[PDB]
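> Protein chains in written order, with the numbering used here: chain A, 2 to 333; chain B, 1368 to 1804; chain C, 3 to 56; chain D, 10 to 437. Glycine included, every Cβ here is placed at the ideal spot set by N, Cα and C. Structure incoming, see below.
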Ligand SMILES: Nc1nc2c(ncn2[C@@H]2O[C@H](COP(=O)(O)OP(=O)(O)OP(=O)(O)O)[C@@H](O)[C@H]2O)c(=O)[nH]1
Ligand SMILES: Nc1ncnc2c1ncn2[C@@H]1O[C@H](COP(=O)(O)OP(=O)(O)CP(=O)(O)O)[C@@H](O)[C@H]1O
Ligand SMILES: Nc1nc2c(ncn2[C@@H]2O[C@H](COP(=O)(O)OP(=O)(O)O)[C@@H](O)[C@H]2O)c(=O)[nH]1
Ligand SMILES: COc1ccc2c(c1)CCCN2c1nc(Cl)nc2ccoc12
Ligand SMILES: [Ca+2]
Ligand SMILES: [Mg+2]
Ligand SMILES: [Mg+2]
Ligand SMILES: [Mg+2]
């Protein structure tokens, strides 16, 4: 009988993973501060990696990668991409971004470019077209914020003239295999897109909670991959795999291969895996852009069952065996 | 030349002292009876090995060493062992009842009755020194003597020898080899009381040495004899600069200069490679690049931790064997482009390199194979703080219930010294985090 | 890149390679701790002998 | 050297005491003559812990034989190893205690106790560094109970800085001489809680159940119970008598086993379980030694470990076996059952190994557990006590020797408290 603990109770994904584990008959759940665990579904802040891998007679595994925050925190992602030769400076797939502090100089270098050439000059934190206007947001909050080029020409769906972002779930196992769940989701905007005034909230930003038209064109404002692939065929004469997914697989591979030296647990005394949420923006010419990477992501209500079962098959049961694949392996 | 006196306290300290002095003799060609044919200056000299050995008129080379334990069993093995003749009997100091794995009994109750005797025996070696450098103190964190008596000795050495450096080789407690359930208590108490009295301390986690013996020596359940001969190898490469001709770390003062920019953060991480089994029928001898690369794999460290998630303040490479600077710089050039080596912003990103052409020695019929070249890396990384976190958490788990605390109060300690020690640990962890993020 | 302070001898050599530049209690008080603790022990022993005398 | 002074008091104390010296003398290669005709020098390296060396390089047990009636002691001298003991260490009265704690502790025992302490003193003064004392006794009789505790009180007065350790046989209606044993046990436990560092709770209830259910004996004797006691007593003292990686003494054992001073009552356990005479021909595999040694059916105190939690555990493996397998099996037991080991004492199970097995076994395992489930034994005694005390029944036997009802009320309260304290750490 294998043994695990649960140190983050907000986890919808790993709430469903401990259920599946317990319902195997081969996994016991201990008290969250019991050191003699095989597997740790750990907290999100100040996870004590230093105490992993020092229990003799126990192979220990954890559902987070130490150092992975470098991708999943808006400020460091921008830093990582500009400084790492594996990506920097200008990779075709990241929006020109700058890091700002409320206690800035290079931002104004390209901003003074983008108004005197009439080029599009909308940016984001939140949104507007004048630089100093959004510093009121930056300065009355008190945190380090990132100012990023707003993608003024996105790809809208019909009927609806709606806006969207693509979320892809990626699982990285203890061997550093990169598994991309075959089921992505299109978080959609219900109310039409309007490029006139950028303070109309609901229609420019596509967070699922920031839309509570909720359910007009499809349940929950979620468009699975089958329906979106069909739409691209009928409307634009192309597939999801060719127009969009090749670029998504390329970006996921590039991001995670970049940090592999800093976070891999191949020779470590404890082992890591982590589920990620890559959020992409597709523009007018079927061009994929990376927005953010999410370290503790949630799954759509439909795909919970299937994705969490594959977390077990691929990341947990591979290390602790018991007794078709839903993942596409991104090879390296 | 300037002499160094070694002090071995408790079982771990004494047994590791045997290991080291056996090895020192084989490296300097000193025989078990103390004779050294290579030495042509009879009765004295200012040679480099004279830092660790005095000379009798009869040609005998005697360690500038003292062995102290609160209990005769272990030092009795030195008195009758292969190196029986090596040691003046006044350097082997034993008591009658040990500290029973209790820091307070070692520090207060029993320590107070032997401390003056030990300092007089230490004073008798110091009076044979033309320019004493300082002390090297070997001891366990976990033993009652190793913790309790070392602590009190360290305070006294500060008053009697305030202008002399003190280095530790400290054995950090590991359950696979530990002998007592209270070793976290002892570790925290003795680190607190000793911290201001040690200039540089090399921690050796018995868990790291155990797995290295299992993994790279194919020893199913390592003995102390297995662990200590490996440890002695690491200690030898750290002290070699004091015992041989060279330009790098020639005196104890230079260890602090090169390795410890801040006084409290004086725990450098040791990494050693290659560790190859003697029973291996076929070995492909590892290159300068291969062994320098091993220095950045956690599995070769004296303490398991991940230096990728900390910052460096200093880093020395001590090579022994067939090594030339051309190959070191070539290897360093490759490693930095393929590894996460980040220094504090207030330190240069550089390696201080020392090379001794004599390849490492191995004790005949030991577990280590003879290799063409070897390296010990000394890096001072915030990553080591993981060990303080591990130790402190175990301390917190028992001290929340006051478990076993009665054994210490009963020897004269006050409960408050537990919390004072723990707060200093808390301060130490916060210092490492400031420097390292 | 830069190799400096190269010193050689018959036993070996040493040098420094840079890759990037930067950016006490007394004897009196010790005796007054050891004796404080022996006092505290002798008190605990005396409370015990007194208890056993009852 | 670090010498232990052994004291056996009363009928039970002397009968298990004699078998102990019988068993460990065989293990160390000493014959009834007192001569050493062994084979290995690993038997002599710490022979001093329990033996002195008299003229003619003869080994004499550092033991004191104490009783208020001379009969059982004469039986010991008449016994197999009886001539090994020093005759001056036999200290007997003639009255007897009548299974009455008051006569042992207050009246008849008071006369004799100074003579015992004269012999104890003589053995102590010959010791290089005395670690402490071992007492063998029952709690339900009169001498071992009443006088044994009076001795412990006086030994502590004259040697307050030495360890006092006992093998205390707890009474049980299934093996019961007298109705008053719950009175005697309760009075004695109050003394053990205050004046010993380590007590092995040897439960006659457990020894009877083991002989009946497991060993398939239908009408067991004290000789069948004492067979299990000698095997346990041999096991728990192995790390004192033989050299090992641990080199252990009575004080280190108390330091590591006793997180709180009053909770120093250990459950011993033994595997494999052996009945006298018939020898088992198959050696157990290390996985089996481990499973049996933690089994409730192998515990010498009739408590269920699943009704409490282990504060600390000590284990001794004896035989020629793989300590790689021993370390994996012991880790297996804590990892698969971590629920029954307190979170707040890290790494609270410690294992030793000795190459020399006990006579008759090719491999054996001895278990010393400080479990909060030991409350069940004291609750049992308290229940039996209150059933009589509520009616002041049989109390005249005791007020007739000068005791007050107050003293009974006090002793009962303290053992109730001992129960509450064990329960407080079961929930933590
Ligand atoms: N590496 C190594 N560790 C040792 C050795 N001997 C003991 N230890 C470790 O030291 C700790 C126990 O401290 P000891 O040195 O045995 O005890 P002591 O200093 O003699 O003090 P007391 O026995 O308590 O009076 C445990 O963690 C052991 O694993 C040794 O020879 N080598
Ligand atoms: N450069 C950019 N250009 C165009 N739209 C952008 C953009 N940056 C962000 N957005 C829009 O805002 C949303 C993405 O912002 P962001 O990714 O930072 O949200 P978030 O981190 O708060 C929630 P989650 O982590 O689940 O994705 C989308 O609606 C996206 O269209
Ligand atoms: N296990 C065991 N229990 C005994 C033995 N002799 C007596 N007892 C128990 O001890 C109690 C009687 O005490 P006893 O030792 O005869 O009284 P004492 O001689 O006055 O100290 C009862 O609980 C008996 O069951 C024995 O040899 N072995
Ligand atoms: C739970 O941590 C323990 C537990 C016990 C002990 C120690 C630590 C340290 C040494 C003393 N000690 C022991 N002493 C004896 Cl006599 N026998 C055994 C058998 C196993 O450990 C024994
Ligand atoms: Ca000379
Ligand atoms: Mg986010
Ligand atoms: Mg010791
Ligand atoms: Mg009787």
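1) Within a Cβ cutoff of 6 Å, which residues of the same chain sit near residue 145 of chain D, ignoring the five residues on either side of it in sequence?
2) Given a cut-off of 8 Å, decide if residue 391 of chain D and residue 312 of chain D are closer than it, judged by their beta-carbon atoms.
3) Closer than 7 Å, Cβ to any Cβ of chain A: which residues of the region 1752-1763 of chain B, in chain order?
4) Taking only heavy atoms of ligand 3 into account, decide whether any of them is closer than 7 Å to the Cβ of residue 216 of chain D.
5) Using CA coordinates, which residue listed in B:1441, B:1481, B:1423, B:1436 is at the minimum distance from residue 1453 of chain B?
6) With 8 Å as the threshold, decide whether the Cβ of residue 169 of chain D is near any Cβ in chain C.
7) Using 8 Å as the limit for Cβ to Cβ distance, is residue 49 of chain C near chain B?
8) Assuming residue 1383 of chain B and residue 1595 of chain B are in contact, meaning their beta carbons sit under 8 Å apart, how far apart are those beta carbons, in whole angstroms?
9) Identify the continuous alpha helix (DSSP H) that holds residue 75 of chain A and give its terminal residues.
10) For chain A, is any of its Cβ atoms less than 8 Å away from the one on residue 352 of chain D?
11) Please compile the residues from chain A whose C-beta is within a distance smaller than 9 Å of the C-beta of residue 343 of chain D.
12) Whose CB is closer than 5 Å to a heavy atom of ligand 5? List the residues in chain order.
13) Within 10 Å of its beta-carbon, does residue 224 of chain A have 16 or more other beta-carbons around it, so buried, or fewer, so exposed?
14) In whole angstroms, give me the CA-to-CA distance for residue 30 of chain D and residue 1581 of chain B.
15) Taking C-beta pairs closer than 9 Å, name the residues in chain D that residue 1388 of chain B reaches, listed in chain order.
16) Quick one: is residue 214 of chain D buried, meaning 16 or more other Cβ sit within 10 Å of its Cβ, or exposed?
17) Which two residues bound the contiguous beta strand (DSSP E) that contains residue 17 of chain C?
18) Using a Cβ distance threshold of 8 Å, determine whether the region 117-132 of chain D contacts the region 14-21 of chain C, with at least three qualifying pairs required.
19) Examine ligand 6 and report whether any of its heavy atoms sits within less than 7 Å of the Cβ of residue 11 of chain A.
20) Let me check one thing: in DSSP terms, what residues is residue 1360 of chain B bridge-paired to?
21) DSSP beta-bridge partners for residue 174 of chain A?
22) Using beta carbons (cut-off 8 Å, strictly below), is residue 1780 of chain B in contact with chain D?
23) Give the straight-line distance between the Cα atoms of residue 1513 of chain B and residue 1520 of chain B, rounded to the nearest whole angstrom.
24) Please list, in chain order, the chain C residues whose beta carbon lies closer than 9 Å to that of residue 165 of chain D.
25) On a CA-only basis, which of A:187, A:207, A:170 is nearest residue 180 of chain A? Give me that one, please.
26) Step through the CB atoms of chain C and report whether any lies within less than 8 Å of the CB of residue 162 of chain D.
27) Can you list the beta strand (DSSP E) stretches of 3 or more residues lying completely in the region 239-315 of chain D, in chain order?
28) When the Cα atoms are used, what is the spatial distance from residue 200 of chain D to residue 162 of chain D?
29) Pairs of beta-carbons, one from the region 261-274 of chain A and one from the region 1662-1673 of chain B, closer than 8 Å: are there three or more?
30) Please confirm whether residue 317 of chain D and residue 254 of chain D have their CB atoms less than 8 Å apart.
31) For the region 1455-1470 of chain B, which residues have a beta carbon sitting closer than 7 Å to at least one beta carbon of chain D?
32) With hydrogens ignored, establish whether the beta-carbon of residue 46 of chain C is closer than 7 Å to any heavy atom of ligand 1.
33) Around the Cβ of residue 157 of chain D, are there at least 16 other Cβ atoms within 10 angstroms (buried) or fewer (exposed)?
34) Is the number of C-beta pairs between the region 1677-1687 of chain B and the region 1717-1731 of chain B that are closer than 8 Å three or more?
35) Take residue 57 of chain D and list the residues in its own chain whose beta-carbon comes closer than 7 Å to its own, dropping the five residues that flank it on each side.
36) Indicate, with yes or no, if ligand 3 has a heavy atom lying under 7 Å from the CB of residue 234 of chain D.
Quick answer:
1) 17, 22, 25, 26, 176
2) no
3) 1753, 1756, 1757, 1760
4) yes
5) B:1423
6) yes
7) no
8) 5 Å
9) 75-84
10) yes
11) 37, 58
12) B:1406, B:1408, B:1412
13) buried
14) 41 Å
15) Correct list: empty, because the minimum Cβ distance to chain D is about 23 Å.
16) buried
17) 14-20
18) no
19) no
20) Any answer about residue 1360 of chain B is impossible in this case: the structure gives chain B only from 1368 up to 1804.
21) Residue 174 of chain A is not bridged to any residue.
22) no
23) 11 Å
24) 50, 54
25) A:170
26) yes
27) 274-280
28) 8 Å
29) yes
30) no
31) 1463, 1464, 1467, 1468, 1469
32) no
33) buried
34) yes
35) 10, 12
36) yes
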